[PDB]
Each structure stands twice: as C-alpha cells, then as structure tokens.
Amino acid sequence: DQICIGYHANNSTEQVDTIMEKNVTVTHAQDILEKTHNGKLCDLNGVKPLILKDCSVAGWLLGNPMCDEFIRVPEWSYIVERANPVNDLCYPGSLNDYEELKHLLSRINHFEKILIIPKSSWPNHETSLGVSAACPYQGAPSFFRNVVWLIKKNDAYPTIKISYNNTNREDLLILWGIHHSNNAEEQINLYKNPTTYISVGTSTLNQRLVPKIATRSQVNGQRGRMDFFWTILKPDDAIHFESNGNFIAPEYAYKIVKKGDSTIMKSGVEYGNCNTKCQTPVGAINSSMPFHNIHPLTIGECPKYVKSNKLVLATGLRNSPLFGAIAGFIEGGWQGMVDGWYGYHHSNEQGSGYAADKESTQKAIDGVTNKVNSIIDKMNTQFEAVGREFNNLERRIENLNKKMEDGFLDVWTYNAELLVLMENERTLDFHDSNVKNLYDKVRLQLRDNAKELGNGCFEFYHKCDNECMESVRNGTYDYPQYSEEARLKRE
C-alpha cells in the first residue's frame, strides 16, 4: 500500500527563458507580446483619418490647386501624410515655422474654413492676374486658393490698409505671404513701386517684410520665391495689414473648432475600410496583450511598445519529456494528474488514482496570477514616443530628440526583458518549493508508520484503505490509530 507526492505534466511545448537556462519547456505559459497587425490604415473609434494622398500639410492649408479634394474636410481622428508628398508649395518658397505649425495640428481634430477678406475688398488692385504655370489647374495657370496674389491696377499699386477682427468665438489660423521678385524690371511690371514692404500687426505680432529682389535657380520653372507666414488670432484680437507691393493677402482662414488627441502619421499604407482601437503607421492592432513590437509611434488605446521578439511569462511547472523536488528527488511529473498542479497518487486494496491537492494548488494559482498582474500593472507608465519634426538646420535638436526617444525605448525594453527573465526563475523555484512543502506535510504526518522510498513515495507499514488515504490528503491522519500495527510490520 502507498501514497505519492507528484506534480502536473502535460503535452505542452510552450517554452520560456531564465537567467541561467534558455528554452525551458513549461506546462502553462502566457505570451504578453503582440507581434501582428492588419497592414492597413483604419478608422479610430469610427472616426476616419484625414488622408492627404500626395499633399503636404502646407499644400493643404495654402490650398495648392492639386489639393482641391481637401477644400472642405470633416472632423478627423489623425492625419496621414506621405514621406515626400509631391503637391506642396507649387510656387516655390517656404512656410515659416512650418514644424511649429504641424505641432499645433497634432492637437486639432477639426477646422472650419471661413472667408475673411473677399476679392471685393481690393477695388484698386488686380485680384485675377495673380497666377503661375507653377500651379496649373485644368491645363491653365492658377494659384493657391486660400490667398490672393495682388497685382497693380491702372499702372498703380496704392498702399493697402485693411484690418480684420476675429468676431468668431474660436482661434483663427491666418496665412499670408510675400513675393520675392527677380529684378528691378519684373518688380515695376507687377507692382509699380520699386521699394516695398508688408506690415502685419496683432496684439502680439509686429512684423515687417521686405522683398529680396535677387537671382536664384529655377524650381518648378520659377526663379521667384514666395515666403508664407502664419499666426493664431485669438477671439477679439485683430490683425492689421499694410503693404505697397509684393503682398499675398489672406482670402480664407481656418477656425479651430475641435481640439484633442491626434497625430500626423507618416505612412503610405492604404485605407482598409475598417475600424480599430489602435493605429500605427504600418497597420492597426487588435489585441489585449500589454506589449507589442510593431512600431514606436501609435495612437489610440495601445499596448506599450518594446523592441523584443519574444516575451513569455511562465505560469506553470517545468514540463517532463533549487529545492531539490521537481526534476530532482521526484523524477518527473504525471500526465494522469489532470485536475491540479500538485497532488497525490495512492495505491491500495481498492485500487488506485490521482488526486490534486486543492489548497496548495489554489495558493499557487493565486500567487502566479498576482505576479502576472503585478508585472502588467508596473509597466503602465512606460514612455510613449511622439513624432516631432525638425527642419534642415535643426539637426542637433533632431538628433537629441532621436537619442532621447530611443533612450527610453532601450530602458523600458531592458526593464521588461529582465523582469520577465528574473520572475520566470522565481516562478519555477516557487513550484519546486510548493512541491517540497507538500511532500514534507505528508512525511510529517506519517513518520515511522511508513517508509520514505526517497522518490516521493511513502510505503505504509499498515493497511491504508480509501478513507485512510483521504485522511492523508486533508491532514487529519490519526497517527496513534495505526502505530501498533505499524510497529509489528517492522521486522
């Protein structure tokens, strides 16, 4: 007659890592790293992204004629721009503080284009001749839609003085520009006056622009340049303009009607007619895992990004093909013990069977669950990357930005890989201890009434029927009741 302490084995090939041993097969594991995406740009909680196709943000806001698709756009969840849009500033030049502007757009979900200065407001200047073959529309010269390129009328450009007062209740993005002509003759020919300026005044803005009449390379057919500027006009402030030439006046402006979470993804992946809680530049994520390795730049309800390829938490025991029990003095585990991690096998008159020890098994489930939860929960406050953009002469700052973001990525990747690695080791040892402690609880009850065989089995010196077995499995084994019989059975 005998009773045995043993543990679970099953047909698992799930594998796990520790500091001392790699690729350890365990009975149960939990993967915590999301490795797949759907290869598509999607809606984000049923709000579709503004996809700019081949337009730059600047092309959109100034109203490049190739960007008409975007003349009026519903509220967006995120903005999508290609790496090198082709439609962007058809007439060459620049948008000042372009990247600071894009930084504003990343907290904006909706604009409403309003007309603030109609062509009616310009009766002594020419509002229709301000076009270029650099900005074709329908096989003819055209221009940016949101601004007007004012030209002289009757061989005269009298001085413009116009104010505009923001009587909307929201912030207003206004854009305007200056034209740098190529030479003294071109300047007379467009504007009459040789020497010219633009004055722009706000409560906070005080700007004076003067044309640089100079010789440059042809870009998109033009040696001329147009430099654009912008400002937020707060509710109840006014903007004042003065110019006696080279002025590219605002026609429309953008009222900021909804702020919130957004971003400007750089991506050329297609829209997928689908919805998601979480979007990256390479595809969207449908997952409950705490971590992923898809891309550092995400928006939505997101797993936390790390640079790993595998990240599995051991929950159960080392599987069969520090405390000395598991794969030690108990040689392997039991396929036949299906209903618990640790338990008993008994052999007697009435036969045999496996039975989980439920108390000690619940303890271990409790603890392993709280470990997983503690590990998930501690990694809620990791770093999250944010796209920021830098122009050509901010390379120091761009490099600093990149190192800082990679810096935290490496720290958080290390922290995650190592915590898993260390806690896996502890989890295997925990199991090994739980089993040694179970074997010891039995050893202590029996004492001299049975022989330790040294492989985790107790051979009884008396007869142990089924209710005597259940007595050992629940810690109520009456030692005196069998001691005499046990006495006799020695020698």
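Don't overthink the numbering: it's just position in the shown sequence, from 1.
The segment from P321 to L322 is interrupted, since 4 to 9 residues of the deposited sequence in that interval carry no coordinates. Higher average CA B factor: 126-134, of the stretches 126-134 and 244-252. Note on 451-459 vs 45-53: mean CA B-factor is higher in 451-459.
Ranking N182, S352, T280, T196 by Cα temperature factor from the entry places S352 first.
Looking only at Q222, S106, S288, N391, the residue with the top Cα B factor in the deposited structure is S288. Among all modelled residues in its chain, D261 ranks in the highest third by Cα B-factor. Among the modelled residues of the chain, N64 sits in the lowest third by CA temperature factor in this PDB entry. Per the deposited record, the Cα B-factor of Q362 falls in the highest third when ranked against the other modelled residues of its chain. The PDB entry assigns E384 a C-alpha temperature factor belonging to the highest third of its chain's modelled residues. Among the modelled residues of the chain, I174 sits in the lowest third by CA temperature factor in this PDB entry.
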